[PDB]
Amino acid sequence: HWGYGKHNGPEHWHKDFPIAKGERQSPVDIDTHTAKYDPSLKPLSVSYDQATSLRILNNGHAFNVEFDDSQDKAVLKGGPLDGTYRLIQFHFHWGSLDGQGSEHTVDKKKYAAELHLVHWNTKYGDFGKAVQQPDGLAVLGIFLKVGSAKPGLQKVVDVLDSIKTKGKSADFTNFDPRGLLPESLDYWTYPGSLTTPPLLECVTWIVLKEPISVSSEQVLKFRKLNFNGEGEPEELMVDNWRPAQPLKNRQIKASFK
Ligand SMILES: [Hg+2]
Ligand SMILES: [Zn+2]
């Protein structure tokens, strides 16, 4: 099926998923001199105090930290969003080298990795229904650069050994996503899509300007993951990012200036 290699990668996705060439595809390049400050943006509200993680899963493309979304707990609201969006999972995209890995780019700059915290609009009852709606999802995107270690990421790093291959999962309770947030909540926002098939055009993107710094040894451990299933030829899980897609006259707004 779809992947990131030469024969099943982003350039092939359009065949099974025609929407790959659609009008609001993600990621995009954020041209900082074209994005306009928007005075009508409300303050962004990230409320992760009562977040309840359940488990971590290697799905053969990335790893997802999944949350219990059966109650209103970890929610994103404010900014460009109307109503309340519930955290369901987070995952990352990363490179084989520090000079690449992010999906969004900033004035064509690629970061070492990108964190996606995926939330669904609670007016639609659940995730599956939300992804049938143009405002069904909100994704908080956070860039990763290589420098000082991120202490709040280490619990994730340490569990990766138990989920090396496609299909493996581990109990992952009491993880606090607040340990993954940078100081500032300044952001760019635009309407877009999921960056993995089925590439559904249901996302309000909120991409934070301030990256988090992770250590070289932290990202190195990301790179020890496998795309393949256990007992199969080893294919390192690296470069699981989709490159920037056409903006198509969409408007990127900034929360700051
Ligand atoms: Hg949609
Ligand atoms: Zn993602």
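Here Swiss-Prot sets the residue numbers for chain A, with the shown residues being 4-260 in order.
According to its header, the structure was obtained by X-ray crystallography, 1.9 Å.
Using N, Cα and C of the backbone, Cβ positions are placed for all residues, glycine too.
The active site, proton donor/acceptor annotation in Swiss-Prot covers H64. DSSP assigns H64 (active site, proton donor/acceptor) to coil in the three-state reduction, placing it in neither a helix nor a strand.
Close to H119 (Zn(2+) binding site) in the fold, though at least 6 residues off in sequence, lie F93, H94, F95, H96, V142, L143, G144, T198, each with a CB less than 8 Å from its CB. What Swiss-Prot lists as Zn(2+) binding site is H94, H96, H119.
Taken from Swiss-Prot, the feature substrate binding site covers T198, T199, and the record attributes it to experimental evidence. In sequence order, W5, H64, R245 are the residues of the chain that are 6 or more apart from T199 (substrate binding site) and have a CB within less than 8 Å of its CB. In the three-state DSSP scheme, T199 (substrate binding site) falls into the coil class.
Around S165 (phosphoserine), the C-beta neighbours below 8 angstroms that are at least 6 residues distant in the chain are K171, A173. The feature phosphoserine is assigned by Swiss-Prot to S165 (among others), with a large-scale study or a structure entry given as support.
Annotation comment: Swiss-Prot describes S172 (among others) as phosphoserine, evidence class a large-scale study or a structure entry. DSSP assigns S172 (phosphoserine) to a strand. For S172 (phosphoserine), the same-chain residues lying six or more positions away in sequence with a CB closer than 8 A to its CB are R58, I59, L60, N61, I166.
Annotation comment: Swiss-Prot describes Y7 (among others) as site 'Fine-tunes the proton-transfer properties of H-64', evidence class a curator's inference. For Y7 (site 'Fine-tunes the proton-transfer properties of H-64'), other Cβ atoms within 10 Å of its Cβ number 19. In this structure, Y7 (site 'Fine-tunes the proton-transfer properties of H-64') belongs to neither helix nor strand by DSSP; it is coil.
Per Swiss-Prot, site 'Fine-tunes the proton-transfer properties of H-64' is recorded for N62 (among others), and the stated evidence type is experimental evidence. Under 8 Å, Cβ to Cβ, and six or more positions away along its own chain, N62 (site 'Fine-tunes the proton-transfer properties of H-64') finds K169.
The feature site 'Fine-tunes the proton-transfer properties of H-64' is assigned by Swiss-Prot to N67 (among others), with experimental evidence given as support. Counting only same-chain residues at least 6 apart in sequence, those with a Cβ under 8 Å from the Cβ of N67 (site 'Fine-tunes the proton-transfer properties of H-64') are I59, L60, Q92, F93, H94.
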Beyond the site residues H94, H96, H119: chain residues whose C-beta lies within 8 Å of the centroid, for Zn(2+): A65, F93, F95, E106, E117, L118, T198
Number of Cβ atoms other than its own within 10 Å, given for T198 (substrate binding site): 24
Structural state of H119 (Zn(2+) binding site), classified by DSSP into three states: strand
Sequence-ordered recorded positions from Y7, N62, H64, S165, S172 with Cβ under 6 Å of an atom of ligand 2: none
